[PDB]
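Just so you know, structure 1 and structure 2 below are the same protein chain in two forms, each on its own as structure tokens.
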Structure 1
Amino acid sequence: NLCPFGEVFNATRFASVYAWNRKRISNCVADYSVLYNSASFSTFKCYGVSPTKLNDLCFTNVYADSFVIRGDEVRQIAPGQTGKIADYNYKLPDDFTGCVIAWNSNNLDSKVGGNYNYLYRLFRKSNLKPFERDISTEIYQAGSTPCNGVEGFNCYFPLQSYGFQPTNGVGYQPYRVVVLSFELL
């Protein structure tokens, strides 16, 4: 009966942005004040709804999307953005009604050699639809020779790792993101 936000905000591991995790929140009491009365979040932006009025509203569905990206990509998690994350990994719709929450996770998600656990899609022929997920790992044929499932020249694997390292600059450091969607009335 107490809605499971601690499971979402404090999972030991977060998903890769290309394989972003969706957790449905339904049929329980949620105290959203624990989020908005925290000062440990580096981004807290709500579109079409104010976070202070959330405890007072009734929603049919609530979804909590969660993933890791890097610092200078956090601006792509918003309606009407373009870029690698917005176009190929996680696309928010223009009419998004919800909250985007992010914080620096450099202590958790960096390793000294480089964390190769967290991945992103590098390229896609066409842009993702809003809230679409593409987890395919098809070799991309950039030339006229068929790739035949193997990486080669003009034959490219569509993902790469962030390689997070503690000594990276804040732009390249890992940031954990939670996107709360609200389906109204």
Structure 2
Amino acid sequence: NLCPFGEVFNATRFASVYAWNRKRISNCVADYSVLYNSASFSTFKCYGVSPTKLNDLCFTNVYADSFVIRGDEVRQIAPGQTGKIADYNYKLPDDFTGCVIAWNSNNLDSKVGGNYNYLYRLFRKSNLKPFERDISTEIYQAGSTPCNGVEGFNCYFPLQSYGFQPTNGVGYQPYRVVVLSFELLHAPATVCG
């Protein structure tokens, strides 16, 4: 039967980028033609593979990651990028194989009084590895004196809220991202086009 890409794309609620969702897709026939030629995507970029080639390829597992970020930040969901998102929230490898798909979700994810449910990690000691997920909410120590879980000077809550309002500039409006990763092991493939 068919791979369930719709449960990822058509989902009514999306994850925050720091707690990005991953759906592991296995043991199914993937119909990329219908998936791609569907909604209108403001961003569609593939690396190491053509979108029109996926129907001929077989993979051991396929990963579909999804989250929400700012408009100005979509450029960071790409190989070899840096910034608050790529460093501290969601990181693709330099040799990334797969596709990044983004579309404006201002009608669904912004609120008149500001949507503060979507967050991104603002402070972190070091950068994330590729495909690493950090859901910690420990107070960030920006100075010498420890925090002991109490916010204060040099002691910051690690996550910040976007506050999406429906009439912000497009650079500040929420965008829904889906990232398709294609895992090729030396094992029998379970996903073919």
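Each form is matched to the other, and the largest set of C-alpha atoms that superpose within 1.5 Å is called the rigid core. Quick note, the numbers are simply positions in structure 1, starting from 1.
Handout entry: Which of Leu35, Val62, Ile139, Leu119 is displaced between the two structures by 2 angstroms or more at its C-alpha, rigid core aligned
Key = So the only displaced C-alpha belongs to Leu35.
Practice task
Would you mind giving the Cα movement of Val150 between the two structures in Å, after fitting on the rigid core?
Solution key: C-alpha shift for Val150: 1.1 Å.
Problem - Value in Å for the CA shift of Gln173 between the two structures, taken after the core is superposed - result: C-alpha shift for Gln173: 0.1 Å.
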